[PDB]
Amino acid sequence: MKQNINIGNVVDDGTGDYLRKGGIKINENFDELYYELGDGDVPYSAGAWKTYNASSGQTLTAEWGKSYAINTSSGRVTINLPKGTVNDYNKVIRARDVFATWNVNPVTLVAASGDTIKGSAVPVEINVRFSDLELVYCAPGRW
Amino acid sequence: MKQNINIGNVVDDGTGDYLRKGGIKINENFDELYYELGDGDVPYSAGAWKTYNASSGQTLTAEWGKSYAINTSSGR
Amino acid sequence: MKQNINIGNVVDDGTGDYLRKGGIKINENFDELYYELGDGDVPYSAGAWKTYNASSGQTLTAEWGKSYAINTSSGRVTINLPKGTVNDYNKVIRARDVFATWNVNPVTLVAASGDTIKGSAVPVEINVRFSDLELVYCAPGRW
Amino acid sequence: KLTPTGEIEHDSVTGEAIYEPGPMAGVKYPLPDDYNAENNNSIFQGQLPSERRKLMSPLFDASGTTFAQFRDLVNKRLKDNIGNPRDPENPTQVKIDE
Amino acid sequence: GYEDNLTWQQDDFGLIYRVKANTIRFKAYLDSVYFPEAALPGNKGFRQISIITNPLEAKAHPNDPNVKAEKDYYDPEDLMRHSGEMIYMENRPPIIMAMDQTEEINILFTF
Amino acid sequence: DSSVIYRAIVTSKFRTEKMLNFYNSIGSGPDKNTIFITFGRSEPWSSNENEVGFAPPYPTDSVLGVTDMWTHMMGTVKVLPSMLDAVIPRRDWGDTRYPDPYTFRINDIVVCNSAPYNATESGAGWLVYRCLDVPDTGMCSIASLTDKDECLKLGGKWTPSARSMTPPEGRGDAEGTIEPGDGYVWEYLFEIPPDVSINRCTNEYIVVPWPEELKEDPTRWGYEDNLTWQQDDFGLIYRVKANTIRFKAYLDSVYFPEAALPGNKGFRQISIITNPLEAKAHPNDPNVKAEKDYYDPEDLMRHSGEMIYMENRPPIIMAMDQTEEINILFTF
């Protein structure tokens, strides 16, 4: 976001600097590094990677997304995680991570409140298109 | 994007740090990010709330994106 | 990722401040928000920035986005990286910088194992987005 | 004095800004009742005492420390007695040959 | 900042002469981190601070080839006692050399 | 005065290295200095020159003193590294023409084996010995004291009051003792081949080898055998504490273009300059550093390079005989 101040420099035994005011600058290197990117991160980089285990109900959301297993035999599961008028989420789903009938399901980890009890997500869909988002809670497969 | 310094450690009182050198590192760390996505950003997740406020022009200009309105009153 | 620590007493003389211990904190931030994109570097923010250079190999690989070949003349390319298939990458194709017959192929810089071994590509498609390449490595024209 | 290493020099002697003593002396404060993450023995001694016996350490609570480099201790400096015009006035050390 | 000086091309660049420098000093950073032994609560660092030239490595077992010593802060052992020739001598009675306090030595020769 | 005080002295070994630094500084490529000897000053000064005493104009180092010099320079010669040599004070054992022939201080290098009055080994070699100890008798050095050992503590220089009969005979350290007879414990150090001694050594100084010529054979120097805890200890230029160097060149080598002038009118002042540039037609040319062998000073740029030494001397007219010698012995 190109906003952060560089905290000056050193110069040997020293002349001028922070004077303990560096973090009060430096902590701000975190803000527009958070509250610009703060909640929803990029899953689909690390968001196919966490399902290498079985049909287990690992629930990636409340931030980004995780589970494509990279592999078949996963019986893959899913959750969209809770409700509440957020608007922040995504995931990779299978994509280049290839699951045969392992699927994943928005039920499978218990989507619960919203989502309209719509079943799951594709079986082996793996290659190409992907199961993407649940905005706030709510998706009927909002892809 | 993962190429950055560790910037030293607290083991006991100990010695090896760089003991205030690390700025030139610490900078690169920040200097990694604020320039790694640097001329750009993610508009969608932070580009939601605001326009729930008034219809005013609400400049999103020349980076990211801003106003989703997520609610009534004229949509801006 | 909305979890970050701001390092200790922020202001003035005091006896309060962090024990030099802070850096440990400031150590973690860069960790976490590096684990943001673990390998990932999107082009999209800079997506058309790079390739303008001549006949660019333009390695975006292992993760990064790169290119335009904006003014073309480029006879451009892009590159691959080898296996390890953690499902992360991005690529800018001919992006929003007006493409021309310079074109490219994912095979035309270095193939490694990637690009699926397919070859060449078509003339200016630029408008909107031309290609996303793929996360992981192995992939054709990306679906 | 001011913010940015307040009142740079006096402009009379130029160079670096003046330093006021501020909070003077007293106990070193108890430390946060542990101060030792692992309660380790750090460099021949435990962490709770020593392991940082240095009277001068950055608190983050002041701008006295600046960055990188080092702070020089000017109270004790071994002073060349005979030398260029500048010289350190009354010398700290003297070289007397056999 | 040259190329203003036409008298440069008179006698090549270089000018340490025109300044009449005629003196050389070198300095060294002694950091108690490089010598963690020695630097304990009570080290008194009594006098003796020399200089030397071209030392050599421990050699392992004595029969072997020998190498010029290029690595910083060699310990006293591994130096082949009395390798190289001692070019300078000094005695400063205490000094201090406590841990975390670096030491800066300035020595000035007219050669 | 109450302050920290430190008492420090540079070691003599510093000098010999500095000497070893001036050598090796002679070479063709850059960062290697090139020294010239200059003579010049054809025109006589005053009329009192050619008389006794009277002194010359004392030379000055200013810019005016350099400018005229380059106008009067008659000729120059380039010093090659081969004609430069290390030297040390020579004390010939048992020679009556120099003080203390039969007595010696605690450590004094003394050559023997040259000239009949000292014999020791044959097959020449001009053996040299450090002398590690002395008989103890006779009052010496500071104040009074009495005995040797106590005079050796508290500094002191002990002079033996007993003449040392016979030269050192052996090839290895501490050749004394080991017999009821007297003498003291000389220590062999190297050897001087006869061929070099007729050329390179004058009677004031004996050469000690550069730590180069000791390679491409040691044996010629009689160093082929040594204790040497180190693989080499190869250069012994440090062992002797050689403090000085010596230059030699024949005046037939120096180049005088005119060739009748230096003979008819002498070169009155000699100076040695460093790093001259070649003749440049105009300041249109790049700076080049002087090489090859002769250089008529016309081809040297004026003020081209810096000059470490000036001498002013009465006329010193020179004959054209193929032997007369420069000396210029440096004390580094």
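FYI the Cβ positions are ideal-geometry reconstructions off the backbone, even for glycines, and counts take in every protein chain you see. Each reported figure results from applying straightforward, stated rules to the coordinates on display, with no laboratory input.
Quick rundown of the values:
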read-out	value
Condition check for D:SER50: surrounded by 14 or more Cβ atoms within 10 Å (Cβ to Cβ) and among the polar types (S, T, N, Q)	yes
Residue, farthest from the chain's Cα centre (by Cα), within segment F:1-31, restricted to residues that are in a loop (DSSP other than H, G, I, E, B) and within 7 Å of chain E (Cβ to nearest Cβ)	F:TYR6
Selection count where residues are part of a loop (DSSP other than H, G, I, E, B), in contact with a strand residue (DSSP E or B) (Cβ under 9 Å, 6 or more places away or on another chain) and in contact (Cβ under 8 Å) with a residue 60 or more places away in the chain, scope segment F:202-229	6
Among residues of segment A:20-52, those that are without any contact (Cβ under 8 Å) to a residue 12 or more places away in the chain and acidic (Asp, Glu), counted	1
Hits in segment F:288-308 - residues which are of a type outside the set (D, E, K, R) and surrounded by fewer than 16 Cβ atoms within 10 Å (Cβ to Cβ)	F:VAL288, F:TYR294, F:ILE308
Segment C:80-101 - residue that is buried (at least 23 other Cβ atoms within 10 Å of the Cβ) and hydrophobic (A, V, I, L, M, F, W, C) and, of those, farthest from the other protein chains (Cβ to nearest Cβ)	C:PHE99
Search result, residues across segment A:108-125 that are in contact (Cβ under 8 Å) with a residue 40 or more places away in the chain, buried (at least 17 other Cβ atoms within 10 Å of the Cβ) and among the hydrophobic types (A, V, I, L, M, F, W, C)	A:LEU109, A:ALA121
Single residue of segment F:122-143 satisfying the filter (part of a loop (DSSP other than H, G, I, E, B) and touching an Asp or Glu at 6+ places or on another chain (Cβ under 8 Å)) that is surrounded by the fewest Cβ atoms within 10 Å (Cβ to Cβ)	F:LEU132
Residue within segment C:68-78 that is in contact with a helix residue (DSSP H, G or I) (Cβ under 9 Å, 6 or more places away or on another chain) and assigned to a loop (DSSP other than H, G, I, E, B) present	yes
Any hit, segment D:30-41, residues being small (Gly, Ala, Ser), free of Cβ contacts under 8 Å to residues at least 40 places away in the same chain and closer than 26 Å to E:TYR29 by Cβ	no
Selected residue (only one of F:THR103, F:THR146 is more than 30 Å from F:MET301 (Cα to Cα), free of Cβ contacts under 8 Å to residues at least 60 places away in the same chain, in a loop (DSSP other than H, G, I, E, B) and of a type in the set (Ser, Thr, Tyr))	F:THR146
Selection count, segment F:21-60, where residues are in contact (Cβ under 8 Å) with a residue 40 or more places away in the chain, on the phi < 0 side of the Ramachandran plot and in contact with a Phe, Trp or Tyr (Cβ under 8 Å, 6 or more places away or on another chain)	7
Any hit, segment C:66-73, residues being surrounded by fewer than 17 Cβ atoms within 10 Å (Cβ to Cβ) and either within 22 Å of A:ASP97 (Cβ to Cβ) or within 14 Å of another protein chain (Cβ to nearest Cβ) (or both)	no
Qualifying residue in segment A:28-45 (condition: crowded, with 20+ Cβ neighbours inside 10 Å and of a type in the set (D, E, K, R))	yes
Output for segment A:28-46, where each listed residue is under 14 Å from the mean Cα position of the chain (by Cα) and within 7 Å of another protein chain (Cβ to nearest Cβ)	A:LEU37, A:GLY38, A:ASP39, A:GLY40, A:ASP41, A:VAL42, A:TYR44, A:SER45, A:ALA46
Candidate set from segment C:53-65 (those that are closer than 17 Å to C:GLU134 by Cα and not hydrophobic (A, V, I, L, M, F, W, C)); member that is nearest to the other protein chains (Cβ to nearest Cβ)	C:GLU63
Selected residue (only one of C:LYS50, C:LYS25 is under 17 Å from C:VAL77 (Cα atoms), more than 9 Å from every other protein chain (Cβ to nearest Cβ) and of a type in the set (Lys, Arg))	C:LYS50
Index of the failed condition, E:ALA69 passing every other in (1) without any contact (Cβ under 8 Å) to a residue 24 or more places away in the chain; (2) surrounded by fewer than 15 Cβ atoms within 10 Å (Cβ to Cβ)	(2)
Yes/no for B:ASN6 being farther than 30 Å from E:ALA98 by Cβ, away from chain D (no Cβ under 14 Å) and polar (S, T, N, Q)	no
Selection within segment F:149-201 - outside any loop (DSSP other than H, G, I, E, B) and without any contact (Cβ under 8 Å) to a residue 24 or more places away in the chain	F:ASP149, F:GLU150, F:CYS151, F:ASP195, F:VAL196, F:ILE198, F:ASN199
Members of segment A:14-27 that are among the basic types (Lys, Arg) and surrounded by 18 or more Cβ atoms within 10 Å (Cβ to Cβ)	A:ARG20, A:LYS21
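Rundown of residues vs (1) surrounded by 14 or more Cβ atoms within 10 Å (Cβ to Cβ); (2) within 30 Å of A:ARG20 (Cα to Cα), yes/no style:
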position	(1), (2)
D:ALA37	no, yes
D:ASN40	yes, yes
D:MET56	no, yes
D:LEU59	yes, yes
D:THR65	yes, yes
D:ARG77	no, yes
D:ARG86	no, no
D:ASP97	no, no
